[PDB]
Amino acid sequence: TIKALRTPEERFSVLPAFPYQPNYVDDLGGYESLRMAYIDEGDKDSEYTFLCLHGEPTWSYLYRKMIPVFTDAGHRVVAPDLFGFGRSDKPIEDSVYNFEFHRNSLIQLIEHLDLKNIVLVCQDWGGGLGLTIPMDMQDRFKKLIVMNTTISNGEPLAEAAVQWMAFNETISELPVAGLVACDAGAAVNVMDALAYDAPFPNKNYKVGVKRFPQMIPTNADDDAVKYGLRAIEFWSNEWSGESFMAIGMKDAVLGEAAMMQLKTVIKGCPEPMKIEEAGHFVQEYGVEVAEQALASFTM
């Protein structure tokens, strides 16, 4: 009963670099009839499942270069499109989108597919949300691949983050393909730009895109920080898995400085892979990340 738009299917008819048939779930508890799209590739009896979480303003298409590396190695991959993104349904009311709304959708998806032996792969809000999940499902998660992201700790926001919020407030709507192409350079072509704009025929479809910047916590009393501080405890003290970090250096907000701070709270995190040519959207340079992660790991 949540008012939402479904992106017309013709928007997805030209996706040559992402040739997976999407799967759908529309009975997640609390979200009844809101349909979540997700990629599911590799053998269901694979030992390990790579759960690949996107953020703002992307979808599972972002993971198109990483997915084949994981499936070539004999693993399963699950890459959902968050509500408001990709091929998932898109609520049209501002207030529906929040930290809890997104986090719980992922928790429900995980329990719906009964995912186990999970390698969490995350970036941006993918990590902001996703890194807060294993603490409440410890037996499901075994390893972590982390890219440009952060866990909210409630500290005053850096100028770059504040500027980002004010930008998204002032503009008519965010140019989604524009933003990604500006970040990724030669790693994104016009076919990719088409794919990134595909979910959003107009601004009525971009309420989730509008809401993510507004959701960045400005005080310690936000859900993002409440969950965040518990997660930091989990990765520092409870976590006993293997991790791998890849940093896109051309990121003024969640680049090297923010990632190294994050590394300090992930117990066992080895030396990060630092990709000088990569921006915030690390997965556009993600073949070598997926290869090196796998080589580093004991599968």
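In this text, residue numbers run from 1 along the sequence as written.
**Prompt:** Higher mean Cα B-factor in the deposited model: 191-199 or 109-117?
**Reply:** It is 109-117.
**Asked** Quick one: higher average CA temperature factor, 228-236 or 245-253?
**Response** Higher mean C-alpha B-factor in the PDB entry: 228-236.
**Message:** If I read the C-alpha B-factors straight from the PDB entry, which of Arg211, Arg87, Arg140, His102 is highest?
**Reply:** The listed residue with the largest C-alpha B-factor is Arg140.
**Item:** Identity of residue with top Cα B-factor, from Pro80, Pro217, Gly130, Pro156
**Value:** Answer, based on the entry's C-alpha B-factors: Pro156.
**Request:** Can you work out whether the C-alpha temperature factor of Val289 puts it in the lowest, middle or highest third of the chain?
**Result:** Tercile = middle for this residue's CA B-factor.
**Request:** Taking the chain's C-alpha temperature factors as the reference, tell me which third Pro68 falls into: lowest, middle or highest.
**Result:** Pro68: CA B-factor falls in the middle third of its chain.
**Where the record places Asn168 (Cα B-factor, split into thirds across the chain)** = Middle third of the chain for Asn168's C-alpha B-factor.
**Request:** Name the third of the chain's ranked CA B-factors that contains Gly185, choosing lowest, middle or highest.
**Result:** Ranked within chain, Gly185 CA B lands in the middle tercile.
**Prompt:** In terms of the CA temperature factor given in the entry, to which third of its chain does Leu179 belong: lowest, middle or highest?
**Reply:** Lowest third of the chain for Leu179's C-alpha B-factor.
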